């Protein structure tokens, strides 16, 4: 029991909605679900129902991790973005329907709520529906991202047909998204993966030559996983395991820094030596990241070996506190 609840959200709307839920007696998961749908309206550059993500939780004294990352469509192939000369095709993995993985967000928010929520699902979507219908004020940075995206898409999508009228400090309404959110509130993820929204997504794919099919959407599942646990200085950090690279990275960053504590003593934050030391550690982290890490159901990722304390000490011993390590001599540590 604390002096209250709290929210730190990337805009004022997610913050307000999260606080309204906590005040209405929702718990942190109830608030999180409402906030996630709200930002799918007010923060469409990143907040979404057509994307994916990860949720780390601490509920009644125990840690949890929910993986609702997108999956490659069943028709995806290793070489799908190479041209007839074996070259990567510029922006084919970035712009247009073939760049999309199967979205996971609606399933992820559902599973979190089903397991831990206290309030009714439909009630958690009403705030987002409200912002889709009566609108939200577009932000300066948001508008700038809109301008850059238009430039990158290069008139190759329907982006402008929906987000071309975003204007900063002016109200932006999204009637079709309002109706989609209402179907999700009434039907659950069934709408998105098996119902009207699924059908509209598949028709978009067929029009644009994308790969996502009905079978892809019906097969999508979010995955609960054991969170990455990192202990240091008496604190316990829970963070994302594979398919996030960040949990292994933080285990190595923190562990190596602790091994090199003597080199950090008396060193001021963001001094040249501080930044050099962090860079030396990041060299080894990114060497391992590129060589070993990926979806753990698709190869035998040596997670235990890459976070073993004796391995951490060996990699820390490579750190050069006085000069830059030769980049061509930095190897993945199990080579």
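Residue numbers count along the first chain shown, from 1.
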{"property": "Stretch exceeding the other in mean C-alpha B-factor - 81-89, 68-76", "result": "81-89"}
{"property": "Average Cα temperature factor in the PDB entry - higher stretch of 298-306, 32-40", "result": "298-306"}
{"property": "Residue selected from 96, 169, 255, 104 by maximal Cα B factor", "result": "169"}
{"property": "Out of 214, 239, 133, 197, residue topping the C-alpha B-factor column of the entry", "result": "133"}
{"property": "Third of the chain's Cα B-factor distribution that residue 223 belongs to, per the entry", "result": "lowest"}
{"property": "Third of chain Cα B-factors occupied by residue 160", "result": "highest"}
{"property": "CA B-factor placement of residue 209, once the chain's modelled residues are sorted into thirds", "result": "highest"}
{"property": "Relative C-alpha B-factor of residue 51, binned into the chain's lowest, middle or highest third", "result": "lowest"}
{"property": "Third assignment of residue 110 from its chain's C-alpha B-factors", "result": "lowest"}
